[PDB]
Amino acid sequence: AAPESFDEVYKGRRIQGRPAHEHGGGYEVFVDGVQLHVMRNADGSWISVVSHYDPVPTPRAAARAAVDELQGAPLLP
């Protein structure tokens, strides 16, 4: 049962999420239109490739954490 989609501007950047050498899938996140690889843990929490050791409760929280980590930098696909 996937999380709901989202779309907002967070610290000046557009973050979106939607149910769908990396893993399987389930849910997609984008930061300014560039896909952010994210992953769900068994307990329902999420991580992303920019915070891979620090679980957060939702994909929006993972998107926001990526924006905070990037400090304005574009993601690479």
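From 1 onward, residues are counted along the sequence shown.
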Q.
If you look at the other compared entries where the surrounding residues are built, does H23 lack coordinates in a third or more?
A. yes
Going from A20 to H21, the deposited residues skipped in the model number 4 to 9
For 7-15 versus 57-65, entry-based mean Cα B-factors point to 7-15
Mean Cα B-factor check, 44-52 vs 25-33, entry values; winner is 25-33
